[PDB]
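> Questions regarding the structure given below will be posed in turn.
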There are 2 protein chains.
Amino acid sequence: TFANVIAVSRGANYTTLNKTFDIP
Amino acid sequence: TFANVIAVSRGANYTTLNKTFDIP
Ligand SMILES: *[C@@H]1O[C@H](CO)[C@@H](O)[C@H](O)[C@H]1NC(C)=O
Ligand SMILES: *[C@@H]1O[C@H](CO)[C@@H](O)[C@H](O)[C@H]1NC(C)=O
């Protein structure tokens, strides 16, 4: 959800979805 | 002031002003 995750830059080895987030 | 607070998402039970912040 929004206000459950934080919007950041990348880091060491994040996991790619090859999608877009459902969070509006 | 700007650079005195942090712009975030919500959290558990923040306080509503029903106004807008004076911070430009
Ligand atoms: C995501 O897309 C990239 C680019 O095509 C691909 O190399 C990678 O394997 C994909 N990863 C997953 C988990 O689908
Ligand atoms: C803020 O506005 C909401 C929506 O009208 C209202 O339910 C709430 O009581 C108000 N809170 C304060 C502190 O004015």
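Residues in the structure tokens are numbered from 1 in each chain, the chains being A, B, ... in the order shown, and ligands are numbered from 1 in the order shown.
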Using only C-alpha atoms and all ligand atoms, find each protein or nucleic acid residue lying at most 7 Å from ligand 2; present the set as number ranges by chain.
B: 16-18
> Just need the residues of chain B within 9 Å of chain A, counting only C-alpha atoms, so spit them out as a PyMOL selection string.
chain B and resi 8-11
> Since we have the selection now, will you write its residues out, keeping C-alpha atoms, as a PDB file, in the first residue's frame?

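What ended up in part-v9.pdb:
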```
ATOM      1  CA  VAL B   8       6.500  11.321   4.332  1.00  0.00           C
ATOM      2  CA  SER B   9       3.506   9.072   3.745  1.00  0.00           C
ATOM      3  CA  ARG B  10       1.086   8.393   6.581  1.00  0.00           C
ATOM      4  CA  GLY B  11       1.639   6.179   9.588  1.00  0.00           C
TER       5      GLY B  11
END
```
> Could you superpose chain A on chain B by least squares over every Cα, matched in sequence order, and send it back as a PDB file with N, CA and C atoms, in the first residue's frame?

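Okay, out_1.pdb is ready:
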```pdb
ATOM      1  N   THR A   1       9.352  24.566   9.339  1.00  0.00           N
ATOM      2  CA  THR A   1      10.050  25.144   8.207  1.00  0.00           C
ATOM      3  C   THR A   1      10.350  23.993   7.260  1.00  0.00           C
ATOM      4  N   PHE A   2      10.557  24.308   5.988  1.00  0.00           N
ATOM      5  CA  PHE A   2      11.291  23.411   5.109  1.00  0.00           C
ATOM      6  C   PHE A   2      12.675  23.169   5.697  1.00  0.00           C
ATOM      7  N   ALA A   3      13.210  21.974   5.468  1.00  0.00           N
ATOM      8  CA  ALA A   3      14.458  21.476   6.050  1.00  0.00           C
ATOM      9  C   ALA A   3      14.434  21.463   7.572  1.00  0.00           C
ATOM     10  N   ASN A   4      13.255  21.317   8.156  1.00  0.00           N
ATOM     11  CA  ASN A   4      13.057  21.098   9.573  1.00  0.00           C
ATOM     12  C   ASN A   4      12.123  19.930   9.816  1.00  0.00           C
ATOM     13  N   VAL A   5      11.282  19.606   8.837  1.00  0.00           N
ATOM     14  CA  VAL A   5      10.396  18.461   8.836  1.00  0.00           C
ATOM     15  C   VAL A   5      10.776  17.606   7.636  1.00  0.00           C
ATOM     16  N   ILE A   6      10.176  16.425   7.558  1.00  0.00           N
ATOM     17  CA  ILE A   6      10.398  15.482   6.469  1.00  0.00           C
ATOM     18  C   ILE A   6       9.044  15.198   5.851  1.00  0.00           C
ATOM     19  N   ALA A   7       8.973  15.202   4.528  1.00  0.00           N
ATOM     20  CA  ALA A   7       7.749  14.872   3.812  1.00  0.00           C
ATOM     21  C   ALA A   7       7.666  13.361   3.681  1.00  0.00           C
ATOM     22  N   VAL A   8       6.638  12.770   4.277  1.00  0.00           N
ATOM     23  CA  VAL A   8       6.500  11.322   4.332  1.00  0.00           C
ATOM     24  C   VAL A   8       5.128  10.903   3.828  1.00  0.00           C
ATOM     25  N   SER A   9       4.857   9.605   3.863  1.00  0.00           N
ATOM     26  CA  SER A   9       3.505   9.072   3.745  1.00  0.00           C
ATOM     27  C   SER A   9       2.830   9.120   5.110  1.00  0.00           C
ATOM     28  N   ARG A  10       1.730   8.398   5.279  1.00  0.00           N
ATOM     29  CA  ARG A  10       1.086   8.393   6.581  1.00  0.00           C
ATOM     30  C   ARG A  10       1.790   7.414   7.516  1.00  0.00           C
ATOM     31  N   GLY A  11       1.179   7.193   8.671  1.00  0.00           N
ATOM     32  CA  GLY A  11       1.638   6.179   9.589  1.00  0.00           C
ATOM     33  C   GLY A  11       0.513   5.841  10.533  1.00  0.00           C
ATOM     34  N   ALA A  12       0.859   5.155  11.612  1.00  0.00           N
ATOM     35  CA  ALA A  12      -0.121   4.818  12.629  1.00  0.00           C
ATOM     36  C   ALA A  12      -0.499   6.069  13.411  1.00  0.00           C
ATOM     37  N   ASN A  13      -1.687   6.594  13.118  1.00  0.00           N
ATOM     38  CA  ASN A  13      -2.365   7.638  13.888  1.00  0.00           C
ATOM     39  C   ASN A  13      -1.628   8.972  13.890  1.00  0.00           C
ATOM     40  N   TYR A  14      -1.480   9.574  12.718  1.00  0.00           N
ATOM     41  CA  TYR A  14      -1.010  10.947  12.686  1.00  0.00           C
ATOM     42  C   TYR A  14      -2.158  11.915  12.964  1.00  0.00           C
ATOM     43  N   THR A  15      -1.798  13.157  13.260  1.00  0.00           N
ATOM     44  CA  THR A  15      -2.752  14.171  13.671  1.00  0.00           C
ATOM     45  C   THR A  15      -3.150  15.056  12.499  1.00  0.00           C
ATOM     46  N   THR A  16      -4.452  15.157  12.256  1.00  0.00           N
ATOM     47  CA  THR A  16      -4.978  15.918  11.133  1.00  0.00           C
ATOM     48  C   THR A  16      -5.199  17.372  11.517  1.00  0.00           C
ATOM     49  N   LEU A  17      -4.803  18.274  10.629  1.00  0.00           N
ATOM     50  CA  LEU A  17      -4.990  19.694  10.861  1.00  0.00           C
ATOM     51  C   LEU A  17      -6.268  20.233  10.242  1.00  0.00           C
ATOM     52  N   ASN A  18      -6.753  19.584   9.177  1.00  0.00           N
ATOM     53  CA  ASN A  18      -7.759  20.088   8.240  1.00  0.00           C
ATOM     54  C   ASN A  18      -7.399  21.462   7.698  1.00  0.00           C
ATOM     55  N   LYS A  19      -6.111  21.685   7.465  1.00  0.00           N
ATOM     56  CA  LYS A  19      -5.581  22.909   6.891  1.00  0.00           C
ATOM     57  C   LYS A  19      -4.530  22.512   5.872  1.00  0.00           C
ATOM     58  N   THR A  20      -3.792  23.474   5.342  1.00  0.00           N
ATOM     59  CA  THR A  20      -2.600  23.182   4.562  1.00  0.00           C
ATOM     60  C   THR A  20      -1.401  23.782   5.274  1.00  0.00           C
ATOM     61  N   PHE A  21      -0.239  23.163   5.085  1.00  0.00           N
ATOM     62  CA  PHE A  21       0.959  23.601   5.781  1.00  0.00           C
ATOM     63  C   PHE A  21       1.428  24.942   5.236  1.00  0.00           C
ATOM     64  N   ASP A  22       1.934  25.795   6.130  1.00  0.00           N
ATOM     65  CA  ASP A  22       2.463  27.089   5.719  1.00  0.00           C
ATOM     66  C   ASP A  22       3.795  26.975   4.994  1.00  0.00           C
ATOM     67  N   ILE A  23       4.432  25.811   5.042  1.00  0.00           N
ATOM     68  CA  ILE A  23       5.726  25.539   4.423  1.00  0.00           C
ATOM     69  C   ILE A  23       5.576  25.595   2.908  1.00  0.00           C
ATOM     70  N   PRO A  24       6.225  26.545   2.222  1.00  0.00           N
ATOM     71  CA  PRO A  24       6.070  26.647   0.768  1.00  0.00           C
ATOM     72  C   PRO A  24       6.836  25.567   0.005  1.00  0.00           C
TER      73      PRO A  24
END
```
